[PDB]
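Participant: Just passing along the structure, written as C-alpha cells.
Values in this text are rule-based calculations from the coordinates and carry no lab data. No Cβ is skipped: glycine too gets one built from the backbone with ideal geometry, and neighbour counts run over all protein chains shown.
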Amino acid sequence: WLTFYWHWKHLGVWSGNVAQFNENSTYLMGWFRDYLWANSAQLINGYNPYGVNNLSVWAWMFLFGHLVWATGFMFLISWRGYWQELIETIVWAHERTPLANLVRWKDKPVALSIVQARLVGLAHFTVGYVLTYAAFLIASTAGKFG
Amino acid sequence: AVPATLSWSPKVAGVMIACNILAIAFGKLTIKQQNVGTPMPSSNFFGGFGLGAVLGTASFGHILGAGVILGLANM
Amino acid sequence: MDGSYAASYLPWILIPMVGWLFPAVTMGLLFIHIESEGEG
Amino acid sequence: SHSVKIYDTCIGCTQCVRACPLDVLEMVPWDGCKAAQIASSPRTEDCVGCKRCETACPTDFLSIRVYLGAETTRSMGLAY
Amino acid sequence: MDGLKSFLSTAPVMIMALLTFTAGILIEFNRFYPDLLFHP
Amino acid sequence: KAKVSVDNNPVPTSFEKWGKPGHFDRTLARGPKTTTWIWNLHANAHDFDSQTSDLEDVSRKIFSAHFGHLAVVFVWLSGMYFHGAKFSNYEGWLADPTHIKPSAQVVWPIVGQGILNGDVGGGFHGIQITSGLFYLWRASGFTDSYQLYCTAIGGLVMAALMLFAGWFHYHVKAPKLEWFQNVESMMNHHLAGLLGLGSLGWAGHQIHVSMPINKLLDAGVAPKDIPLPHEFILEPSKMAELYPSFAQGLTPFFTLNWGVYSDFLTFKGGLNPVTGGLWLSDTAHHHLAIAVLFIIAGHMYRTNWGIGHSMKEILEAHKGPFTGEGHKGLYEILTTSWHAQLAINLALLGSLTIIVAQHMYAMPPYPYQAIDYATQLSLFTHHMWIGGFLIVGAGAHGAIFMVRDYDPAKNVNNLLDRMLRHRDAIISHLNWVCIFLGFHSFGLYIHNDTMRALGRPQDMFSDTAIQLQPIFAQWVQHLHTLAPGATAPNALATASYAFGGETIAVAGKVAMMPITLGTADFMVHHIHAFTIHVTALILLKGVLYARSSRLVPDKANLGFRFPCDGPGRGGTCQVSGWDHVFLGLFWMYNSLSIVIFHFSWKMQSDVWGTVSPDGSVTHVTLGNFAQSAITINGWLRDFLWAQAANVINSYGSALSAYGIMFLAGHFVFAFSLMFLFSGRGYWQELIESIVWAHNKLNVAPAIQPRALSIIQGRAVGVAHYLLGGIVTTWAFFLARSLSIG
Amino acid sequence: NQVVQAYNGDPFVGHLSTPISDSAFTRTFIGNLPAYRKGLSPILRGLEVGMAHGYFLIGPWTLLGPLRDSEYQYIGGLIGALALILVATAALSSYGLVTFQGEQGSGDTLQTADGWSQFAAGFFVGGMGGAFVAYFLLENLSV
Amino acid sequence: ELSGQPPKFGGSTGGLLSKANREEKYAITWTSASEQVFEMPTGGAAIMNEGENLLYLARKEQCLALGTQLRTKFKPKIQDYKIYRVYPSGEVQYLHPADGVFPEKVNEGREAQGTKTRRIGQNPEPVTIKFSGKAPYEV
Ligand code: CLA
Ligand code: CLA
Ligand code: CLA
Ligand code: CLA
Ligand code: CLA
Ligand SMILES: CCCCCCCCCCCCCCCC(=O)OC[C@H](COP(=O)(O)OC[C@@H](O)CO)OC(=O)CCCCCCCCCCCCCCC
C-alpha cells in the first residue's frame, strides 16, 4: 500500500499530471485502472511477437515473480499428510522398479515438516512479491521517464 | 434421395408375420421364466406362456418386422 | 558474446566456473560431508 | 524419541491408556487419587506423538504431556 | 401454535427481520430524501 | 395388485420440533454451550445417515428432500417465466430479433442504480440477460406474454403439488425399504416412462406446435398474425398447407410407409440460414428416435412377469481371469448404500453437463443463439462449472461411502478388493503420468516464453518454428467433414461447421465457421489433459486411501471428516478424505478456468466476428490466438490485460454493475487467504483477549465464543476463494461479451 | 486362469506376481541385461552399460539443439552428449563414494566400493565410446 | 519359536518393504475360534485360518490396529493375540501385552515410569536452566 501510494503520487508529480491522481485516487477502481492497468502497458510488451526491447528482462522477472508467488500458495494451503502418503507411494514405486533398486537413498525421504512448510511457503511468497513489484516499478518508471 | 419405403401390401404383412413366428420360436427357447405372472386362458395353444411372455414375443415380432420391412424397402 | 571492456576474455572462463565448476564442486563436497558417517 | 510425562493431577480414568494406539502407556498402582492407580509411560521409545493421550485426558489442562524430541524411525512412523 | 411461535423467535428469523426492517427504512428515506451529504 | 408397500402415518405432523433446533442430533440436542454448536447445527442437518441407523428411514428422508428440491426448482422456473412475461421485452424482441437485445430484469431507481437500466433497443430499458431464455421461448412456439404468464402460473401450481407430495409421501404414507429396492422396476419406469415418454411428448409438441410457428416466423410473418398453436390442431388444413404430408393423416405411420413424413422429418444437419439454429425437423426426428430407443430400452429388466434380465445375474456372470470374483458383490453394494449411488450418479451427471456445454456451442439448437456471443459464452461457462462441481462431489461422496458403508466381509476378492489391493501401483503410475504431463506440457510454454524473451523466435514451439501439429484431431475433423458424402449418405450437410465446410453467418455476424487447430490448440488440449489427470489423481487418492494407509493404519475409525492425526509421525495434517476433496476443489477450479479461458479466447480470435458483404470475415481479435497463446506473457497481455479494458472502463454506464462485481471478485478471493493461510490457535487466543475485554464491562456472552474448527476453517477458506474467483471470471466474461457486438 | 498372485508366493510382501512383474519372459529378459548378467566383472558391466547410454544420447541435441540447422549440428550434439556423460560419471563416483563407506562385503560385487569404482570408470569409458561411434555414424564426411 | 499358519490372503502392494529385511518387522499371532474374514491393515480383506494364525507387518501401529480390530469387531472376542518384534538376525522380542495383562487395567508388579510429583504449573522457568542440556520438564 505504502509503495503504491508513493509511486502513483510521484508519477503524477513527474509527469505534471497531478490531476489524474487527485481525481482517481478517491475510489479503488481508479487505483485498479489508472495505476495498475495503465502502467503495465509497456512492461508486458517487453518481448512481443513482433520483437524484443530493453524491458524484456523486466517482463520476464515480472512473470517469474507472479509464478513464485503462486508457488508459495502450494505450501501455504496444502499440508503435510497428503504429501507424506504420496511419498509413500513413490517410495514403493522406486523400490519395486527393476534397474532402479541398484540405487538406494542414504536418507529415507519424508515430507517437509509443518513449520518448515510454513517457512518455505512464506519464502516463496515473499520472493515472488518482491520480484514482481520491483520488476513492475522499474519497468513502468523506465518506460515513462527513463 | 430420401430412402424409399413401401406402401402397405400383402407382401409386407406376410414378411412381418414370418418375423413374428420366428420371434416366437426364438423366444420359446430363450426365455428363462415363461409361466410367471398373469397367464393365458388356455396355455396349451401358447406353449406354456404367460401374458408377459406372449406380449414380449409379439412386441419383439413387430419390432423385427418393422426393421426387416424398412431394410428391404431401402434396397 | 564479446565486450569492449579491458580483458574481455575473463567472463569467458570465470562465468563457467561460477556457473558449472564451482557449483558442482561445492555440491559434491557438501553432499559427501553431510552423508559422512565417520562420526556424529 | 519423544518424552511422555505424567503429573500428579491424574485421576486414574484410563482414558489416556485406551486412546494410545502404539501401547506406550500403562496403569500402575498409586495412592493419590480415588482410583488408586496412575498412568505410566514405560515404552516411550515407541511413541509417535499423536497426542491422543492428551486429547483423552479429562482433568483441567493435562495430567499427561508429550514433548516431541529426537525423531527416530519408530517415532516418525515410517514403514520403509 | 406454540411450536410456530418458538420457531419464529429463533436467532436467524429475528436477525433477518430486523435487517429487513432497517433496510426498508433506509431505502424509503433515501427514496424521499436522497443525496444527503451533510446536515444543511 | 402391486409391489407397493407403505406405512401409514409414521411421523405425526407437529410444530414443537420446529422450536427446538438441533433436534435430529443427540450431540446438539441438549443445547448450545459454545458457538461451535451453531456451526455444527447448519452442517449436520441434511446428513440423514449419521442421524439414524435405519436404512428405511434414511431412504424416506431422501425421497422427501428430493421432492423438496424439485419444488424449489419448479419455483425458480416459474419465477423465470413470470419475470420474462411481465418485466421483459420478449414481445418487442420477437418482432425484431436482430436489432433488440433480450432483457428481463428491470431495476428500481433508488440510489442511482437506475443507470443499470440501460437501453436494450426498441425503447425498452433494462438489464440485458444472457441466460438465453428468449431463444428457448421462440424455439418453443411462444408468441404472446399471456402464454408465458400461464406457464409461470402452472409452474407455481406444480411446485405446490411437489411440496404436498413430499409432505404426504413422508409424514403420512411412507414407502417401505423393499419398495425402494425395486431397482429393476425403477429403471424400467424411469427409462421408458420418464425419458422415452418425455422425449415422445416433446417430439409431439415440436411437430404439432413448434414447426408451424417457427416456419411462419422465419418466413417473414409478423408475430401478431401467426395463428395460435391450437388453431393448427383445430384446423388441420392449416397444418397441411405448411407440410403437404399432413394431408395423408396417420395412415403412413401404421403401414410403415414412413418416407411420406420425409418433408417435416429430415436429416438435414447443419444450421438454419435464417436464424442460425438447428433445423426443427432434425430435432423432431431426433427426439422421436430418442423416445423410441428409450421406450425399447425400458423393457429390459424383469419386474413382475419373469421376462427380462436380472441385474444381479449380469453382474455375477461377467468375471474373467484377472479379476477372480469379478463384478460379484456390487449389486448388494448399490442396493444398500445411498452414497455409492450418489457418487456414480454425480460423476455421470457432471460429465453429462460438460458434454452439454461442449456440444451446444458447436451446433446451437436455439434460434439466434450463435449470433449472441454473450449467451454462448455464458451458457458454456455456466454448465461447465456445474459439471466440474458435480464431478468433485462424486469424488467426495465415493470416499464417504468407502469410509462408512464399505464392508470387507462381503467384498472378498471382488473388484473393490482388488482396487484396495493394487491401489499403490495405481497411485504411483498416476503420479508419474501427472508429473510427466505437467513437465512436457507447461515446460513447453516456459520454453516458448524464454525463447521469445531471449530474442530467439526460431527456437520456439510455434507454427513458424518447431511445430506440434495435432494430426489426429485434424484427421478426425477431415473425416467428419466428408461424412455427408458417403459415410452418412442420407445427411445433407455436416453435423457442425466447427469441423469444416462453409461459414454460416446470420445478419452481419458469424454464426459458425470452421475451427482450425494448430500448435496452440495442441498445447492447450494437452494442458487440459494434464489438469484433468491431476484432479483425478487427487480425488482417486482420496477415495482409495480413505480407509487407511501406511502412515495411518486405522484412518476409517477416525471417520470421513477429521482434521488430522496430530503432529506425530512428523505431522499428519490433511489425511482424511474430506481434505482430499478440499484439495481437489482448487484443482478443479484451475482446470475449468483454463478450459473456459481457452474457449473464450479461441472463439473470439478465430470463430466470432463480422461478415462483410464482400464475404470477408473480420474476427473480434484479428486472429491473434495462434501467435500469442503460445507464451504465458501472451495470455497475460493479449487476453487478460487486453480484454479487461471493457470491464475496467465500465464505470458510469449500464455495465458498471459488472465492474463493481469484478472488483468484488478480486476481494473475497484475497479475504479467503486469511482462513487458508492461518490456524485456529492464534484466533482462539485473540478471542480469549476479546472475551476478557467484554468480561470487564460485564457484557460477556452466555454462549462462549470459539474460533472455527480446522475443518470449518478450511471449508470457509475454500468456499470464499471459489466464490471470489468465479465471481471475478463471471463479471469479466459478461462485461467483455456484452461489448464485442 | 488366475495369472495374478503374490510376489514370490509371499502375500505379506508389498508386491504381486503380474504378467510383467513375474513372467518368465520378464525375468529372462531382465536377468540378461548388462547390470543383472551373471559372472560379469563391474568394469565390463559399466563398459557395456555406458556403450548404450552414451550411444542414445547423441540424438536429442543433434535433432533439436541450437545448432540443429547449422554446419556444426553433429559436433554440437556430440559435445552435449560428452558433457552429460561426464556429469553422469561424476554423479556415479559420488554415489559410490558416499554409499559404501560401511562394511565391505562380497555378496554382490557391484554393491561394493571397489566394484562401484570400477563400474563408474567403465561407464565413463563406455559412454565416451558410444557417443563417438554414434557421431561417426551420423557425421557426414568431416574426416 | 513363532508358530502359525498365515491367513488366506491374495497379497497386496501395501505389504512389507526393504525395511523388514534390512531393519526390523513385527509379527502378530492369535487363535481364531472359527474361520472368518478380517480387514487387512494394509488394505483389502483376508480370510484367517481356524486355529493359530500368524501375520507379519511393517509397523507396530499396524499390528496394534489389527489387534484392536480383532478385539472389537468379532462376537467371539479374540483376547490372546501376541505381538512380537522380529529382527533380521532372527531374534524375536515379545512386545504386547507386556506381562499378559492388558495395560488398560491395573496390575500389581508394574513400576511407575515417567511420573512427576508436581503439577504442570510448577515446572521451572527456562532462564534458570539455560546453557544446560536439559528442558524444564526433564528437570
Ligand atoms: C435382412 C434384413 C435387413 C436389411 C437388409 C437391413 C438393411 C439396412 N438397415 Mg436394418 N434392421 C434389421 C434388418 C435389416 N436391415 C433389423 C431386424 C433391425 C432391428 C434390430 C434393423 C434395425 C435398423 C436400424 C435401427 C437402422 C437400420 C438401417 C439399415 C440400413 C443401413 C445400415 C447400414 O449398413 O448403414 C450403417 C453403416 C454403418 C457402418 C454404421 C454403423 C456405425 C454405428 C453408428 C456405430 C454405433 C455404435 C453403438 C453406439 C454401439 C452400441 C452400444 C451398445 C448396444 C453395446 C440398411 C438398408 C439404418 C438406416 O435406417 O439407414 C438409413 C438404421 O439406422 N436397420
Ligand atoms: C503456480 C503454482 C503451483 C505450481 C507450479 C505447482 C506445481 C505442482 N503441483 Mg501444486 N498446488 C498449488 C500451486 C502450484 N503447484 C496450490 C496453490 C495448491 C493448493 C490446492 C496445490 C496443490 C497440489 C496438489 C494437491 C498436488 C499438486 C501437484 C503438483 C505437481 C504436479 C506435477 C507438475 O506440475 O509437473 C512438475 C512440475 C512442474 C511442471 C512445475 C514447473 C517446473 C518447471 C517448469 C521446471 C523448472 C526447470 C528447471 C528444473 C530449472 C532448473 C533450475 C534449478 C535451480 C532447479 C507440481 C510440482 C501434484 C503432485 O504431487 O504431483 C503429481 C498434487 O498431487 N499441487
Ligand atoms: C560480491 C561482490 C560481487 C558480485 C556480486 C559480482 C558479480 C559479478 N561479477 Mg565480479 N568481482 C568482484 C565482486 C563482485 N562481482 C570483485 C571484488 C572483483 C575483483 C577481484 C570482481 C572481478 C570480476 C571479474 C574479473 C569478472 C567478474 C564477473 C562478474 C559477473 C559474473 C558472476 C561472477 O561474479 O562470477 C565471476 C566473477 C568472479 C568469480 C569474481 C570473484 C568474486 C569476488 C572477488 C568475491 C566475492 C565473494 C562474495 C562476497 C561471496 C558472498 C557469499 C554469499 C554468497 C553467502 C557478475 C555480474 C565476470 C563478468 O563481468 O562477466 C560479465 C568477470 O569476468 N567479476
Ligand atoms: C413413469 C413412471 C415414472 C416417472 C416419470 C418417474 C419420474 C421421476 N422419479 Mg421415479 N419411480 C417410479 C416411476 C417413475 N418415476 C417407480 C415405479 C418407482 C418405484 C420403483 C420410482 C421411484 C423413485 C425414487 C425412489 C425416486 C424417483 C425420483 C424421480 C424423479 C427424478 C428427478 C427427475 O428426473 O427430474 C425430472 C423431473 C420432472 C420431469 C418433473 C416431473 C413432475 C411429476 C412428478 C411428473 C408426473 C408426470 C405424470 C406421468 C403425469 C404427466 C402426464 C401428462 C399429464 C402430461 C422423476 C420425476 C426421485 C425423486 O425423489 O423425485 C421425486 C427419487 O429419488 N423415482
Ligand atoms: C445431488 C447432490 C448432492 C447431495 C444430495 C449431497 C448430499 C450430502 N452431502 Mg454432498 N457434495 C455434493 C453434492 C451432493 N451432496 C457436491 C457437488 C460436493 C462437492 C462440493 C459435495 C461435497 C460434500 C462434502 C465435502 C460433504 C458432503 C456431505 C453431504 C451429506 C450431508 C451434509 C451436508 O452437506 O449438508 C450440510 C450442507 C451445508 C452446510 C452447505 C451450506 C454451505 C454451502 C457450502 C454454501 C454455498 C454457497 C453458495 C454456493 C453461494 C452463496 C453465495 C452467498 C453470497 C449467498 C449428504 C449425504 C457431508 C458428509 O460427509 O455427510 C455424510 C460432507 O462432509 N458433501
Ligand atoms: C486411443 C488413444 C491413444 C491411447 C493409447 C494408450 C493405450 C495405453 C494402454 C492400453 C489400453 C489397455 C486397456 C487394457 C486393459 C484390459 O483389457 O483389461 C482386461 C483385464 C480384465 O480382464 P478379464 O477378462 O479378467 O475381465 C473380466 C471383466 O469382465 C471385468 O471383471 O483388466 C485388467 O487386466 C486390468 C489391468 C489394467 C491395468 C492397466 C491400466 C492402464 C491404465 C492406463 C490406460 C491408458 C490409456 C488411457 C487412455 C484411454
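Participant: If I require 15 Å or longer along the helix axis, counting alpha carbons, and a Kyte-Doolittle average no lower than 0.5, what helices from chain A are left? Use full DSSP H segments.
Facilitator: Working: long enough: A:2-15 (20 Å, -0.11); A:56-77 (32 Å, 1.58); A:80-95 (22 Å, -0.44); A:114-144 (45 Å, 1.15).
Qualifying helices: A:56-77, A:114-144.
Participant: Can you give the mean number of other chain Cβ atoms that lie within 10 Å of the Cβ atoms in peptide E:3-14?
Facilitator: Across the residues of E:3-14, the mean count of other-chain Cβ atoms within 10 Å is 3.
Participant: Where the centre of each part is set by its Cα atoms, how far does the stretch F:225-262 sit from the stretch H:107-139, in angstrom?
Facilitator: So the two Cα centres are separated by 97 Å.
Participant: To the nearest whole number, what is the average tally of beta carbon atoms from other chains within 10 Å of the beta carbons of peptide H:98-111? Don't skip to the end; give the middle numbers.
Facilitator: Values: counts 4, 1, 0, 2, 5, 14, 8, 5, 12, 5, 2, 2, 7, 4.
Neighbouring Cβ atoms belonging to other protein chains average 5 per residue here.
Participant: Mind ranking F:551-564, F:171-184 by how tightly packed they are, going by the mean number of other C-beta atoms within 10 angstrom, highest first? Show your work: numbers first, answer last.
Facilitator: Values: F:551-564: 20.4, F:171-184: 16.2.
So the order, starting with the most tightly packed, is F:551-564, F:171-184.
Participant: Of all DSSP beta bridges located in chain F, what percent are antiparallel, nearest 5? Can you show the working numbers first?
Facilitator: Values: 14 of 16 bridges.
Just about 90 percent of them are antiparallel.
Participant: Additional query: No solvent, one uniform scatterer per C-alpha: report log10 I(q)/I(0) for chain D via the Debye equation at q = 0.16, 0.22, 0.24 1/Å, two decimals.
Facilitator: Debye curve over Cα of chain D, log10 I(q)/I(0) at q = 0.16, 0.22, 0.24 Å⁻¹: -0.54, -0.95, -1.09.
Participant: Can you tell me the orientation of helix B:51-74 relative to chain B, as the angle in degrees between its alpha-carbon axis and the longest Cα principal axis, to the nearest 10?
Facilitator: For helix B:51-74, the angle is close to 10 degrees.
Participant: Quick one: which of B:64-70, F:588-594 comes out on top by average Cβ neighbours within 10 Å, and what's the full order, highest first?
Facilitator: Working: B:64-70: 16.9, F:588-594: 19.7.
Descending packing order for the listed peptides: F:588-594, B:64-70.
Participant: Among F:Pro223, F:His525, F:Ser88, which residue has its Cα furthest toward the positive end of the charge dipole of the protein assembly as shown, with +1 on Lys/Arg Cβ and -1 on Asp/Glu Cβ?
Facilitator: F:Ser88
Participant: While we're on this one: Could you pull out which residues in the stretch F:94-123 have an amide N less than 12 Å from a spot 7 Å beyond the Cα of E:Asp35, following the Cα-Cβ vector?
Facilitator: Residues passing the 12 Å test: F:112.
Participant: Rounded to the nearest 0.05, what FRET efficiency is calculated for C:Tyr5 and A:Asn53 with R0 set to 25 Å and r the Cβ-Cβ distance? Before the final figure, lay out the partial values.
Facilitator: Numbers: r = 24 Å, r/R0 = 0.96.
After rounding, the FRET efficiency stands at 0.55.
Participant: Over the Cα atoms of chain G, how large are the radius of gyration and the largest Cα-Cα distance (Dmax), in Å?
Facilitator: 19.7, 61
Participant: Still on this structure: Using DSSP, restrict attention to beta bridges with both residues in the protein assembly as shown and report what percent are antiparallel, rounded to the nearest 5.
Facilitator: Here the share of antiparallel DSSP bridges comes out near 90 percent.
Participant: Using the Cβ atoms and a cut-off under 15 Å, what net charge is assigned to the surroundings of F:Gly277, where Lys and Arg are +1 and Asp and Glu are -1? Walk me through the intermediate numbers first.
Facilitator: Working: positive: F:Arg138, F:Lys215, F:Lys268, F:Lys509; negative: F:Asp218, F:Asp282, F:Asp372.
Around F:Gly277, the charge tally is +1.
Participant: Gap in Å between the Cα centre of the stretch F:659-713 and the Cα centre of the stretch C:3-40?
Facilitator: Measuring centre to centre over Cα atoms gives 50 Å.
Participant: I'd like to know which of F:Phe439, A:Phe64, D:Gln37 lies farthest towards the positive end of the charge dipole of the protein assembly as shown, counting +1 on Cβ of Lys and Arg and -1 on Cβ of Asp and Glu.
Facilitator: Ranked along the dipole, the leading option is D:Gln37.
Participant: Then there's this: Taking 7 Å along the Cα-to-C-beta vector as the label spot, tell me the F:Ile386-A:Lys108 distance in nanometres, rounded to one decimal.
Facilitator: 5.1 nm
Participant: Which residues make up the longest stretch of chain G that has no trypsin sites (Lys or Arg not before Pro) in a DSSP loop with at most 13 other Cβ atoms within 10 Å? Let's see the in-between values first.
Facilitator: Values: sites that count: G:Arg37, G:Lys38.
By the stated rule (loop sites, at most 13 other Cβ atoms within 10 Å), G:39-143.
Participant: I want the antiparallel fraction of DSSP beta bridges within chain H, as a percent rounded to 5. It would help to have the intermediate numbers written out before the result.
Facilitator: Numbers: 21 of 22 bridges.
Roughly 95 percent of the beta bridges in chain H run antiparallel, per DSSP.
Participant: Given R₀ = 22 Å, FRET efficiency for F:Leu697-D:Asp60 by Cβ-Cβ distance, to 0.05? Walk me through the intermediate numbers first.
Facilitator: Details: r = 27 Å, r/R0 = 1.22.
That pair, F:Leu697 with D:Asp60, gives E of 0.25.
Participant: Which value in Å is the Kirkwood Rh of the stretch F:480-578 over different Cα pairs? Provide the component values of the computation, followed by the final result.
Facilitator: On the way: mean 1/r = 0.0538 Å⁻¹.
In the stretch F:480-578 this quantity evaluates to 18.6 Å.
Participant: Across chain E, what fraction of all alpha-carbon pairs, as a whole percent, falls in each successive 10 Å bin from zero upward?
Facilitator: For chain E, the pair-distance distribution reads 25, 31, 22, 15, 6, 0.
Participant: Using all Cα-Cα distances in the stretch F:346-389, what percent lands in each 5 angstrom bin from 0 up to the longest?
Facilitator: Over the stretch F:346-389, the share of Cα pairs per 5 Å bin runs 5, 27, 30, 19, 12, 6, 1 percent.
Participant: While we're on this one: Could you work out the local net charge near F:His309, counting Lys and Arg as +1, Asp and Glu as -1, over the other residues with Cβ closer than 15 Å to its Cβ?
Facilitator: On the way: positive: B:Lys32, F:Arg302, F:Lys312; negative: F:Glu184, F:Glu313, F:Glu316.
Neighbour charge sum, excluding F:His309 itself: 0.
Participant: Mind sorting D:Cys53, F:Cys150, F:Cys434, D:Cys10 by how few other Cβ atoms lie within 10 Å of their own Cβ, fewest first?
Facilitator: F:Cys150, F:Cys434, D:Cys10, D:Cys53
Participant: Also: What is the percent of Cα-Cα separations in chain F that go past 42 Å? Walk me through the numbers before you get to the answer.
Facilitator: Numbers: 114178 of 274170 pairs.
I get 42 percent for the Cα pairs in chain F exceeding 42 Å.
Participant: I want the local charge near A:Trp79. Using Cβ-Cβ distances under 15 Å, sum +1 for each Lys or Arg and -1 for each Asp or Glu among the other residues. Mind dumping the intermediate values first?
Facilitator: On the way: positive: A:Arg80, A:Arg118, F:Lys541, F:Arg569, F:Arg680, F:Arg714; negative: A:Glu85, F:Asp565, F:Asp579.
Its environment carries a net charge of +3.
Participant: Report the label-to-label distance for G:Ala91 and G:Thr26 in nanometres (one decimal), using points 7 Å from each Cα along the Cα→Cβ vector.
Facilitator: The modelled label-to-label distance comes out at 2.6 nm.
Participant: Right, another one. For F:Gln704, put the label point 7 Å out on the Cα→Cβ axis and report which residues of the stretch F:14-38 keep their amide N under 14 Å from it.
Facilitator: F:32-37
Participant: Can you list the DSSP H helices in chain F whose Cα atoms extend at least 18 Å along the helix axis and whose mean Kyte-Doolittle hydropathy is 0.0 or higher? Could the numbers behind the result be given before it?
Facilitator: On the way: long enough: F:55-86 (46 Å, 0.52); F:145-167 (33 Å, 1.33); F:280-297 (25 Å, 1.36); F:338-362 (36 Å, 1.06); F:373-404 (46 Å, 0.90); F:423-453 (44 Å, 0.39); F:519-544 (37 Å, 1.21); F:577-602 (37 Å, 0.67); F:656-676 (31 Å, 1.73); F:680-696 (24 Å, -0.65); F:710-737 (40 Å, 1.02).
Helix filter hits for chain F: F:55-86, F:145-167, F:280-297, F:338-362, F:373-404, F:423-453, F:519-544, F:577-602, F:656-676, F:710-737.
Participant: In percent, how large is the relative contact order of the stretch F:515-652, given Cα pairs closer than 8 Å and 6 or more residues apart?
Facilitator: Details: 117 pairs, mean separation 29.6, N = 138.
RCO, the stretch F:515-652: 21 percent.
Participant: Now for a different question. Considering the options F:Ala160, F:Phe294, F:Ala43, tell which one lies farthest towards the positive end of the dipole of chain F, charges being +1 on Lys and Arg and -1 on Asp and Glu at the Cβ, about the Cα centre.
Facilitator: So the residue furthest toward the plus end is F:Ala43.
Participant: Let me ask something else about it. Grab the DSSP H runs of chain F that are 4 residues or longer, score each as -39,500 (n - 2.57), total them, divide by all residues and round the 222 nm result to the nearest 500 deg cm²/dmol. Walk me through the numbers on the way to the answer.
Facilitator: Values: 30 runs with 392 residues, N = 741.
Result for chain F, helices only: -17000 deg cm²/dmol.
Participant: How far apart, in nm, are two points set 7 Å out from the Cα along the Cα-to-Cβ line at F:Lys33 and at B:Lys32?
Facilitator: Output for this residue pair reads 5.7 nm.
Participant: Shielding by partners for H:56-68, please: the mean number of other protein chain Cβ atoms within 10 Å of each residue's Cβ.
Facilitator: Working: counts 4, 3, 7, 12, 8, 16, 6, 3, 7, 8, 2, 1, 4.
Taking the mean over all residues of the peptide, I get 6.
Participant: Taking the alpha-carbon set of chain C, what are its Rg and Dmax in Å?
Facilitator: According to the Cα coordinates of chain C, Rg and Dmax are 16.6, 53 Å.
Participant: Go through D:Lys5/F:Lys555; H:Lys25/H:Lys82; A:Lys106/H:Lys134; F:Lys312/H:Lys8; F:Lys555/H:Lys73; F:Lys312/F:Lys410 and tell me which ones have a Cα-Cα distance over 21 Å in this structure.
Facilitator: Details: D:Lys5/F:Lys555 27 Å; H:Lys25/H:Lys82 14 Å; A:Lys106/H:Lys134 31 Å; F:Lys312/H:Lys8 27 Å; F:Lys555/H:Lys73 16 Å; F:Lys312/F:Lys410 15 Å.
From the list (D:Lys5/F:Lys555; H:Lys25/H:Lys82; A:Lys106/H:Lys134; F:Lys312/H:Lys8; F:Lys555/H:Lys73; F:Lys312/F:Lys410), the Cα-Cα distance tops 21 Å for D:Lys5/F:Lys555; A:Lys106/H:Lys134; F:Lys312/H:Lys8.
Participant: Continuing with this model, one more query. So how far, in whole Å, is the C-alpha centre of the stretch F:573-613 from the one of the stretch F:451-497?
Facilitator: Answer, in whole Å: 22.
Participant: If you take the beta carbon distance between F:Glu231 and A:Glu23 as r and set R0 to 56 Å, what does 1/(1 + (r/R0)^6) give as a FRET efficiency, to the nearest 0.05?
Facilitator: Working: r = 62 Å, r/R0 = 1.12.
Result of the calculation: an efficiency of 0.35.
Participant: Work out the P(r) tail for the protein assembly as shown: percent of alpha carbon pairs separated by more than 57 Å, whole number. Before the final figure, lay out the partial values.
Facilitator: Working: 344910 of 984906 pairs.
Beyond 57 Å sits 35 percent of the P(r) for the protein assembly as shown.
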